[PDB]
Every structure is written in C-alpha cells, then in structure tokens.
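S.K.: return atomic coordinates for the entry below.
(chains A, B, C, D, E, F, G, H, I, J, K, L, M and N, ligands or ions: 3)
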Amino acid sequence: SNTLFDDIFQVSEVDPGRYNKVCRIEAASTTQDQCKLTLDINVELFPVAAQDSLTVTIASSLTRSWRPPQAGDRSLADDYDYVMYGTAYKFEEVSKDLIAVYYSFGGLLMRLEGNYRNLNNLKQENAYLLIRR
Amino acid sequence: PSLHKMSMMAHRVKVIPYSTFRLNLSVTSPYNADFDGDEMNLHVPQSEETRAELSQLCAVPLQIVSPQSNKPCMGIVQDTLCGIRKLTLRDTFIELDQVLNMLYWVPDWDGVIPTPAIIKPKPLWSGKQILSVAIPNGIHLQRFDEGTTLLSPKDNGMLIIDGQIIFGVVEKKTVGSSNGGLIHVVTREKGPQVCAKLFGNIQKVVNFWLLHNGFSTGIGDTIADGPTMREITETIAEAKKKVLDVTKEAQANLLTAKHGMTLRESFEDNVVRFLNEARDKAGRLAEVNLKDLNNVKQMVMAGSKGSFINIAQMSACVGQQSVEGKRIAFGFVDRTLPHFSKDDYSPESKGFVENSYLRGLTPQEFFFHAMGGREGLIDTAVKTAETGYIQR
Amino acid sequence: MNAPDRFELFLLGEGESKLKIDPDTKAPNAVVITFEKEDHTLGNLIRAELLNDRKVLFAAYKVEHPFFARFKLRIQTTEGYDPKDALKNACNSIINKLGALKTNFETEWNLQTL
Amino acid sequence: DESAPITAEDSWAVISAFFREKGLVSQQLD
Amino acid sequence: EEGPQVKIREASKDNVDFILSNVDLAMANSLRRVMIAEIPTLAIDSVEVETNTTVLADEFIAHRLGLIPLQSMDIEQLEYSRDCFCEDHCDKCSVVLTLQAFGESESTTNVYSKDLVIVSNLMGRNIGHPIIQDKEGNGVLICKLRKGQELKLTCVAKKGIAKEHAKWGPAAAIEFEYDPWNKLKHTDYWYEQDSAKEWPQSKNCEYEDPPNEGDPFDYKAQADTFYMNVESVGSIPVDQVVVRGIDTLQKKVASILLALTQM
Amino acid sequence: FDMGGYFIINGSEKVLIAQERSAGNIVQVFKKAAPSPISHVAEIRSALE
Amino acid sequence: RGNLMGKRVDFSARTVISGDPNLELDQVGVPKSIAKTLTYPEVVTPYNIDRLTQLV
Amino acid sequence: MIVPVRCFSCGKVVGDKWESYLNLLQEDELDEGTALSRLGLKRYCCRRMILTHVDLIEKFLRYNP
Amino acid sequence: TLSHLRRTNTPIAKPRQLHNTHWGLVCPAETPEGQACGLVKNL
Amino acid sequence: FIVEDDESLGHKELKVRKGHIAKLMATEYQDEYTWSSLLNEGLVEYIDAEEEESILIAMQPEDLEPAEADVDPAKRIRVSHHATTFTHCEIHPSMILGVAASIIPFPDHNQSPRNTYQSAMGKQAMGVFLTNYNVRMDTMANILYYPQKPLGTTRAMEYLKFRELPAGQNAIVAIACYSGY
Amino acid sequence: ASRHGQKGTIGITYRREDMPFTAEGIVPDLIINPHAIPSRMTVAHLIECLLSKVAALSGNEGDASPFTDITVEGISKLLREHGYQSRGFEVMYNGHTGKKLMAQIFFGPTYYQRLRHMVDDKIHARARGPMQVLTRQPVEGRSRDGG
DNA sequence: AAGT
RNA sequence: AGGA
DNA sequence: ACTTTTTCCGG
Ligand SMILES: [Mg+2]
Ligand SMILES: [Zn+2]
Ligand SMILES: [Zn+2]
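M.R.: Numbering: from 1, shown residues only, chains lettered A, B, ... in the order given. Ligands and ions are numbered 1, 2, ... in the order given. See below for the structure:
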C-alpha cells in the first residue's frame, strides 16, 4: 500500500544481443553516485537509446487474480509510460553499506546497486517497476 | 526386444477409434519405439491380484526415475522440446487472448490469471511466466552453465524458485531425461503421479503454443553464406597442401617415423589428422555463420534433434571416408579406382569427401562414401546379433 | 475398420445435448460449457466475441482431443452478471454482425457486371 | 564437323541406343 | 453503411475477389471454414451397378461419380435423407440419375458427366443437373470403352456437407490474406541477408500503406481487412458460396442460442 | 512392358538368382596364418571347362 | 526355451503404434475392435451386479 | 489411369480439362507450362494433377475382352 | 520386378564390404540390411 | 568409351564424335545405326574387372579431355584433365547404379545409407506393375488408383519405364510442427 | 515414404479447414516433422521438393539426376522467377484460428509412395482361441487367431 | 567366432 | 520371402 | 580331435 524506491538514471548502454524485442540497459543515478542499474526492457514496446533521463519507481501496490478493462474507471497508479511486475531473488552484500537487488520480470532481469533503500526493498513477489520519460 | 525392465510397463486403457495403439510421446524412449511402422504388444491381467501387481509395481509413473543410471529415463522429446526453448526465450511474449487458452489448457489450473510481466503499454506475459503454471509449487531448481551470473546475460542455466522460472531457457538439460533435471527433482520431491501429470501439463501448453507459432526446416537452413563458403574452401585448400607437403617430405626420405610405427604409418596418421582437422574447421566455420533463426541450429540448440557434425556435413564438408580405420584401400593394383594414376596417396584418391551434401558428391566421392556406408551397415547387423547374446 | 462414421462429426448422438453447462468449482462466477458435435469454427468465434465483452473476465475454449468434435468453453464474468447471459449476448452480436455482412455482400454483389 | 568431339548430354544418346538393342534383362536371356 | 464492410474486386462464374473490412479475424476465419465444409450440396452417394465391362472396377467408377458436381441451386428445398420419412429415398430427399454407355464406335467410346440422365421428378426445383463448365459441353470424363464394353448403373444423389465427404465441397481453394507489410509482427521473416529483399511482396501491398520505418511499432494495432478470394466448383454459384456461408454460420450460432433457451 | 527373362512353372513365375563363385584355373598365393607349419600356399581350383 | 521359459499366450493383442500428445503419460490408446475382443473376468458382487448386468 | 476428377489438394474440377490439355499440346503445338495455364490451373496442386498424370487406361483398352 | 531379375547371391576373406572392383559392375546402394547385407548384390 | 592418343588434329581424344551421336538418333527418331554398330566401329568396348586394372578412365569426356591454356561457387568441387594416359572414358557415371537406386532423386546429395534404405523400400511401394493386371490371376496384387509420374526424375528412369508405370503420387508436402501428431 | 529412405505412418488425418494454408489457398496433402531431416541428413529430400515445386509451376520435368550441373542455387533462381521465396518457404496460416504462423513453412510437392504395410492387415487380438495339438498352447499367427 |  |  | 551360440515380430 506504498512506493518503495524512486530515482532518475541516465542510460550508458543498450544491448540487443541476439534479442530483437528485448534490450539489456545500463544506467547510473543522477542523484547518488553509489547507485547503478542493469535492466532488460521490451524495446519493441517502450524503446530506449543512449543518454536518457528515466524515472524508476519500485512499489508494493497499485495479490489474487487479474482484471483487464473497466480500468478506465479504476485508479491506474501509472503516471509512468512503461510498467512491469516481477520477483526478487537475490540480496547481494557488495561490501560496506552497498547492496544489490535482483529482480525477475518473467525472465526480464534487473540489478539495482545502491546503499540507502534498507527498510524499503524486500524479498517480495509483490514488486512493480514503473518507468517514465 | 525387451532388454529393459522399462520395455514392459503397465498403463490405463483408453478406448479410442482407429486401428493404432496410441501412446504418449514421452514414453517413446523407454520402449525405444518410433512411429515408422513399429508394432507393440498388450497383455491383459485376469486376477484382481495380477492387476495390483501391474498398477502397484510397473505403472509408467513408478518407472520414471530408473535404477539403470540413477536418473529419469523419460523426458520431453521432439516437438515439445523444440517449442519449449522457443517459448522460453526473453524475446518471446504472449498476448491476453492466447494466454487465457494456454491457462485453460493446463487441466490442473488454479483458475488464477497471473499478473503479466508487462502491465502496460498493453499487458504481455512471457513464455517462462506461463510455462511456470505447469511447474508445481514447492519445486526448487538451480543450475549454472558457462558464464551464468545471477543476472544471466545469455539466459544460460536455470533458476526455478517455488515452481516459478526466474531466468534461463528451458531445453534438453532442464526438461530432458538428465540427472539434475526438472523431472528428477519433481519425481523425487513431489511424487511419481505428480510428475506423470507434469509431463502432459508441459506438453499441453507447449504443443498448443507451437501449433499456433509453427515450426519448419528447409534447404535454406543448409545454405551457409557466400563469404563463409570462400573461407571453408580455402580451409580445405590449406589442409590439402599441408598433406601434399608431408607427401613430398616422405617421398624425399626426410620424414622421420614416430617411435613404434612404420615410416608409412607415421605418414598416414598425419594425413588423416590434417584432413579430419579441416573437416571440423570447415564445420565450425558454418555452425557459427548460421543465425539463431536457422531451424537446424534451433533444433540443435534445444537439443530436440541433430548435432554439429550433422550441420558440418550438410553445409560445409563430408570428410575422410574410412574402412577399418584406414582410408579407402588400393583394391586395384596401386590405385582405388581406374580413374587414378598408380601410387596416388592424395586426399581425393584415398576417399576424402571435400564436398558438402548441399553442393553434391563427385562419382569418386559417392563410391567412396558408399564403401564407408556399407561397413557401418554390416557392423549394425553384426553388432545387433552379438549384443543380443551378450544380454542373454 | 475402427474408423467412426463421418456424420458423427455434426449429428447429435443418442441423447447428446448440444450444450452441457456445468459450473466451475475453482473459480467464482465461472462456468464450463461443453459444445457437442462442434469444432474450432464455433469455439474461436465465440471465445473472440466474449473477449469484446468488458463484463467478461475470462474466456477460453479447448478441443480436448481431435478424434472427438466437441469443445469446452470456460466463461468467468464480473459478479452479478451471469455467464449464461454473457454467451447469449455474444451469440446475438455475431448473428447481428453476420447479418450486416450478408446484407453488405449482396449490395456489393448486385453492383457487379460480370 | 561430323567428327566434332562429343558433349556431356551426348552420352545419353549412346545409353539410349544401348538398352534399345540390349534391354534391361539381356543377361538372364542371352 | 453498417458493421463489417465488403468491397468486391473481381467477379465471375467461378471466382469472387473481395476485401472484408471492419471484421474480426476469428470471424473471417470461421467464415473461411464454413465455406470449405458446412454448406450443403448434392452429389451421387449410392451407385447400384447393373453391368460393368470396363477396364475400371465397379467402386473405382463409384468414387468417381460422387466427385461429379451436380446442380445444388435450389438445394434448400430438398430434405436430408435422414430427416425424410421414407425407407431409403424419394423425390423429396433425392435426385435419381441413370447412366447407360456402350462402345458402338470402332474407336474408343468416351463416357461423360453429360451422359447422366435424371429419372426422378425434380418437383420443378433446380437440382441434380451435372455441372458442365466444359467448352465442348462434355463435362467430366467418367470412363472410356472399346467395343462390347457396356456401362449400366443407377445413382442416388443426396444432400450432405463437406464435413461428411469432400464430394459435398461447394468451394475449391479459398484465398485468405491479411497485413501484406507485416505491420502486426504476426510473422518473423526467415532470411539469409535481407528479409525485405528475399521475401516477395504481396499484390495486396498496393491496397494497404507501406510501414514507414521512422515510426514505432503499433502494438495497439489489431487485424481487420482480409483480402479474400472464393472459388466455386460449379454446384452453387460463387456469390452463393459466400452468402450461403454467411447464413450457415448465423444458423449455427442461432442453434446455440436456441438450444440455450431449451435449458 | 513385361521384359521376360523368367520362367512359368506349375503356374508361378520363377527367377533363377545369379549364383556368384570364384573363377576356376586361377593361381593364388595366400599367407597362411601366424600359428601354422606352412607360411604361404599356392592354390589352384582347376576343373574342366 | 520355446514352450516353458517362453510361451504363446491368450489375452494378448498387437498392432501398429502411433503417438498422441493428448493422451496422459500412463495411458495407452486401445482401438475399440481390440477392447471389444479382450476380456477381463469380473466376479458378480453386490458392488458391481447392476453395472455388470447392463454390460451382459 | 484415367484423369482424376477434382484436384486432391483444393478440389478444382479437373476431369474435364484432359482432352483439352492433350489438344493444346498436339494440335495447338504449345508447351505444358502454357497449356496448363490456358486451362486456368494456377495453383501448383491443380497443375501437378494434369502435368504428372499417366493415363494408363489407354493401354488397358488395347486388351480384347 | 526389374530389380529381382538383376539379383546376385553370394554363398558362405571379407565379402560383405563394397570392394573397389565392384565399380560400374555392381550397385553400391542396392543391398539388403541384416544377414544378407553385401552377400546379396544387385547388378 | 574408347579414348585414343590417335588424333592428327591435336591431343588424345574419344573415338566417338558428334557425327556418330547424330547417326544413332536417326534410328532413335524412327521409333540403321544400332549399339552393335558402335561396337564394330570400335568406339566402345567391353571391359571386365581384370582388364579394368590395366586401363585409365575419364569420368567426364569434355571436362577431362582438353587442357587449360571464373569458376562457379555453387557446383560440387571436381578434380582435373591432368592425365594424358587415358585409354577409356566413362559413358555416364550414374550407370554405377542398379535398378532401385536409379529412382533416387539426387542420391549424391544424400547420406550413404539413406540410399541403401530406399533401395529396399521401393520394392514395398504400390502402383501399376503391368498393364495386363485385369487379365491375370495373381495371389495378391496392389494397384494404385491414380498413379502420377514423378516431378523429380532420373535420366535412368526413361529406361526403367518409371514414368509409364509409377509407384507413387506427387504429394503437396509441408515440413512443419502442427498439432504434434 | 519418400525416395529418401524416410519411412512413416499416418498419425492423424485432418480435413482442409483444420489444415494450415498458404494465402494462395493451397493446403498440404501431407505434414512431415522438422525433426526427421537433421539427424538423417537426407538433403536430397529438400532438393527433390524445391526442384519439384519449380517443375509443377514451370510445367517442365525437373532433373533430379545424380551427377550433373543442377545447383540448389540454380533451382532457387527459377523459383523466385515464379514469385515464391527462393528457398521454398511460404507463410502459412493456422487453420484453427486463421492467424498467421510466426514461422514460414517448407512447402512444395514431394513424390511419396504408399507401402504394402497397412494397419488393418497388421492389427490382432486374442483372448482364448485355438491351441496346438502337441503342446496344448496357443496356435501361431494372426490369420490362425494365434496368441 | 570362439573353446571342450 | 519380408518389417522394427 | 571336436562342438555350438548368435535381438524381436505371410506361407
Ligand atoms: Mg521405428
Ligand atoms: Zn425421402
Ligand atoms: Zn488444386
């Protein structure tokens, strides 16, 4: 019932290694130098190129089955252009206050390296991923 | 024949039309049956007692993980294997419409539509995501192949947590009849009937998905691109000169024999080594030049059918043809065919098949390949007979 | 010789009802309808149109085995809305669509001079 | 030029004339 | 004008080329299926053979006769034999054709679909006339006889659909295509160097707009507009293979709606 | 089309299958086996024409 | 070997085999003709009596 | 052995087109490619039906009773 | 029918293998599998 | 075919010339110059496996006769016209094959045994075995309803009469994965 | 089987509507498995097809003769002249939904032969039947209603 | 192809 | 004599 | 000097 992470990154590289619709993206946080980001994206859907300012939000909410339309009426917690849903699988202690979290969006992998998002990021199946700009 | 405890298994009758005994495809391997006109026997127990023996000791699900090699003796074969790879690539995404059918197709479905990997722009599910419905909860599987980081870059190995795929393309190593396999884990961890269900469950989502995606193989899949064919020709050309160089070196007495070998034995070993090195070099060149869109490569990749050597011979070069190890002997006086001048030890005269099947064979190459082939068929026939008595 | 009769594809058997509606235990407001002596022609067509119904949460169909012409159609609707009805409405829409399709073909056909 | 050298397809004109005289079971008969 | 639109390109005795717009693919395909195997026709289904002195066997000719296309215009006013009350057949449910042939000629005597004579009463309805599309007005060649070779047999043609036997096929090949510039990404073009070069362009490319690469993939995009062509065998006329198909399907859906009301 | 080259016996069509053998009046030398008192032999399968 | 260790038996059937992806792992498709020939001897018991008579 | 009525693959009436094909070849001196196409056989399934037909019937007729 | 009138039986040191001499005189492919393989030659 | 050094006008050349090929086809068009006529004009000879030892054979006449005083990449890689010792030329290399193999399309583009398998299967196929089938009382006979001659054919089939008495039908085939049947 | 040592039995028979069709309205008579070709290395099979495809469209007999100048690249040139994609692939559509297949199918004529082994001549069942006189054991052979 |  |  | 095995299934 709340957001778990928020920051803006700049795209270093884009990788379509044998994949035609998917690209592994490399980015770094504008705010903390401590923060780096590796993520697989459906570039056929929302495409990304080198040097893009992209907002990255995590969030636990907005359980059970899935409903398609009527959503016009519903409160779409998306103000973001591309949204995903996946699971956490590894909590890497990369020394010091530095931590790295591994997210799997049905095969589409993501690695976030930072320090501060302690009481926030959890080993949860309930983890969305919102991206804008 | 019946050289296995698994060559005779107990099954549930299903009365069906049409004159053939129908059988699930995963049970193909234990029996060793193909559907090329193969026939099978069916015996019916008469006691409520002889029935218990069949149902309680020799039923197909009991027979899954074999004592012959402490591994599962049945896996996912052919179509299902091929499709399961194609389905699980990161590149593979399925729209709502189909997802809903694939979900209903799994008979033991929870009735819960999983949350898509991408919820807008447009909800899209991944292969992995929906195949994970076939995989039961409580199933844990980890495997690292060459360069498998916890953030799998090539989508190598396998990572299944609580019966949900995290990363990796599912193929022969996972879903196959392998020691660490998804099947071995399931049989052990969940039960024999739970695993027996899973076989069907996986093939239903897969065959359906493949039915609608389609899968082929044509002459286009044997064509290796023009610059790679230059490279292959010159790959054989240099190994042919390497052979001539050792041929003149041996006619000039300069060649120094290997300890415990004829001067000639020492020469032939080297000739046969260069020609077979080139067969692989030309081969390896092609298997690299074929994109992930090559259907032969796609089959090889899942490990559904075919291997490198099969690519190599069709696309690049057939290679040295042998009889009793020694390349085509001088049946005639000092020559292999009357279309050769005497004392010709050259690749061509002794049976090296420079050409690929795609390009075609020369009458000499054909006849030599023919001698080579014949030896294998006589062996097949002799081996089959010997091997039987050994079993007895 | 073990081959069934061709007409068994479309002709309803001894006491076979075209529709066999049974409720789904696993899911609330869900139902599984077995269509006897029917193929993909109807399945894919019905399922597709049910997907155009906003109040229809789930819709799929399956031809469990090919030797047998019969398909199971599963329907799940928003609470209050009955699935039997969802199928009714969807069926009408199709006939009404095909109704305009026939009309529109005839008008264009008549216009031809060949 | 009724003594020009023979081509590749020309061999079939000899093969044709072979069976024409000989026949496919000649051996059994003769 | 209404819901799904039609725009006929070319028309003839045997072929209708048209474009089906504002339609669901599932609808255009269920329509494709129906035209192949659900429209009723009429063809020979019982051949009582009297004398056969021919080079061909009784059943060889039998099978052949069923393939001969018969007029199935006013087919709708013929009962399906099963539904009729007579033991076997009558004028209400069947057309009876007789065929007599003999090698009078010293040359080879040919036996054509024209050599069929209707012996049953047609009740003044259009049915059972063998379709003769032939220029010399001969129709199908059933047989050939030398001299004393006589062919005597009686045939009963009945209703039936192609689902029961391909002889009741009202249509030949049905051409169906959509999205000639793969803008839907419904196919992945196999290639050696270039997808666009190696794969030939459709003629239907002209009736749709080229992709224009400097535009993102329209995921939102759905498949409508189906460049089709229906071929009549002869039985029912082309237009009717379409119209009758449209109707047949409506009737199937209605039967569901109706059977639903019984419960 | 029927080529002939066969026989008709008690009703049925009979084919005499070509029976391969080694030529007669031929001089052949063979190295007789490692454990043997004879090292080499010159054989002649000689029979009248 | 041929009459004691091995034996020709009754309640046995054989035909061409064909693969079916819609069958379960543990099931075998039996053609009607063969099921109609092969016969299990069931004892008339209060549990079966009713079904049994219907088959009789 | 006698022209198949209707092409196996698609179903186009093909039993009529025979003598006409044998005539577009003999009398009209055309090639097989143009002959099939004059007869309006465009799909290769229809083309192969006539192209690859061996009219054996004619040999059987040479026998007396 | 033709291939049966061009058959060759070899009764009873390694005859089954395709010999160099068989070039032009015997078919390199037409031969049975099993017990007769290479002893049943086709011309 | 006989090859003789004997040629006033150049190199070592095949006794048989374009004039003979035309003289044969004069007799072929009738249905004077027979096969026996080539044998007695000494343009062709009978060689057993013994005499084979002492001779030297050319595969192709044309390719293996005149010498070099660009190359197509698609074709199979062939050797050379190196020899000046050639006593004989091969009529056509496809004559190494017997009845059954001669029905195999492109057997040179096949794996060695796949051809041996076919040269056993074609003896289990159906079709017209003789035109007199109706006048003969054989214990079992199968005749295909509508035989089709093949679209892919050997020049050797012309002599086996395969186009006149087929074994199969040209099926419209798709190598695809469908329902998984 | 084809003339490439590729034996096989029917697994199912589908009507024209369930069958996967070309846009041109063509549908197969036969469907063979991709998995047959790689392990077997029967390339001649695919060449038979590509050649036979042209042969049917051209109306000229296709030369499948062994030792010749017929290249797979040559045949491909002629097929593109006939408008099909050079390597014989064709975009097919799923007969059940109408929706295009993601793959393109190797589609063209291939001379198939019918073999003397037919199921209903092979099928057999026994459940008490004739016995031997000596051994008093089930008689041998399907014909004799053997065990 | 072996072994009393 | 033939299939796997 | 002297014997015995060699995969499984229509006439
Ligand atoms: Mg097999
Ligand atoms: Zn009536
Ligand atoms: Zn056709």
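
S.K.: RNA strand M contacts on chain B?
M.R.: B:1, B:33, B:34, B:36, B:37, B:38 (Cβ under 7 Å from any atom of the strand). All C-beta atoms are positioned from the backbone trio N, CA, C, and that covers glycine.

S.K.: go ahead and list the helix or strand containing the closest residue to the fourth one other than its chain neighbours.
M.R.: When the adjacent residues along the chain are set aside, residue B:36 lies closest to residue K:7, with 4.4 Å between them (Cβ to Cβ, 6 or more residues apart in numbering or on different chains). Residue K:7 is part of no helix or strand, with elements assigned from DSSP states H and E.

S.K.: need the contact list for residue K:7.
M.R.: B:36, B:37, J:117, J:121, K:1, K:115 (Cβ atoms under 8 Å, 6 or more residues apart in numbering or on different chains).

S.K.: the fourth one contacts residue K:5, correct?
M.R.: Yes. Using Cβ atoms under 8 Å, residue J:121 makes contact with residue K:5 at a distance of 6.5 Å.

S.K.: next one: the residue in chain K that chain H sits nearest to from residue H:34, what distance?
M.R.: Ranking the residues of chain K by distance to chain H (Cβ to the nearest Cβ) places residue K:59 first, at 3.3 Å. Distance of residue K:59 to residue H:34, computed by Cβ to Cβ, to the nearest Å: 8 Å.

S.K.: quickly check: the longest strand along chain J near chain E or not.
M.R.: Secondary structure of chain J per DSSP state E: the longest strand is strand J:168-175. No. Counting by Cβ under 8 Å from any Cβ of the partner chain, chain E has no neighbours in strand J:168-175; the shortest distance is 11.4 Å.

S.K.: packing partners of that strand?
M.R.: Using 3 or more Cβ pairs under 8 Å, 6 or more residues apart in numbering or on different chains; DSSP states H and E, the elements in contact with strand J:168-175 are helix H:44-51, strand K:30-32, helix K:43-58, strand K:100-113.

S.K.: after the third one, which helix or strand is next?
M.R.: In this case it means helix K:43-58. Next along the chain after helix K:43-58, taking DSSP H and E as the criterion, comes strand K:62-63.

S.K.: and the strands in chain J?
M.R.: Here chain J has its strands, by DSSP E, at J:3-4, J:13-14, J:57-58, J:88-89, J:152-153, J:168-175.

S.K.: in CSV, list the ones you listed along with mean neighbour count and distance to residue B:304.
M.R.: Conversion of these to CSV gives the following (neighbours: other Cβ atoms under 10 Å in any protein chain shown; distance: least, Cβ to Cβ, whole Å):
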stretch, mean neighbour count, distance to residue B:304
strand J:3-4, 18, 52
strand J:13-14, 22, 52
strand J:57-58, 22, 45
strand J:88-89, 23, 48
strand J:152-153, 24, 28
strand J:168-175, 25, 14
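
S.K.: what about stretch E:37-55, distance to the chain center?
M.R.: Its chain's C-alpha centre and that of stretch E:37-55 lie 17 Å apart, by Cα atoms, centre = their mean, to the nearest Å.

S.K.: that stretch: end-to-end distance?
M.R.: End-to-end distance for stretch E:37-55: 33 Å, by Cα to Cα, to the nearest Å.

S.K.: does it come close to chain H?
M.R.: Yes. Using Cβ under 8 Å from any Cβ, stretch E:37-55 reaches chain H at residue E:55.

S.K.: can you list the residues of the stretch 101-250 of chain E near chain B?
M.R.: Near chain B, when you scan the stretch 101-250 of chain E using Cβ under 8 Å from any Cβ, you find E:188, E:190, E:191, E:192, E:193, E:219, E:220.

S.K.: can you flag which of those residues belong to strands?
M.R.: Reading strands off these, I find no matches (DSSP E).

S.K.: can I get the CA coordinates of the longest strand of chain J in CSV?
M.R.: Below are the C-alpha coordinates for strand J:168-175, written out as CSV (Å, rounded to 0.1, in the frame of the first residue of the first chain):
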residue,chain,number,x,y,z
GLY,J,168,3.6,-43.1,-56.0
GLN,J,169,1.9,-39.7,-56.3
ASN,J,170,3.4,-36.1,-56.0
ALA,J,171,2.0,-35.0,-52.6
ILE,J,172,1.8,-31.3,-51.7
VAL,J,173,4.1,-31.5,-48.6
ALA,J,174,4.8,-29.2,-45.7
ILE,J,175,7.6,-29.9,-43.2
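
S.K.: so where do the strands sit in the chain?
M.R.: Went with chain A since none was named. Secondary structure of chain A, counting by DSSP E: strands at A:6-15, A:22-29, A:36-42, A:53-57, A:82-92, A:99-105, A:108-114, A:127-132.

S.K.: wait, chain G was what I had in mind.
M.R.: Along chain G, counting by DSSP E, strands occupy G:12-19, G:27-31.

S.K.: the shortest one pairs with which strands, and in what direction?
M.R.: So that's strand G:27-31. Strand G:27-31 has its sheet partners listed here by DSSP bridges as strand B:12-16 (parallel), strand B:21-23 (antiparallel).
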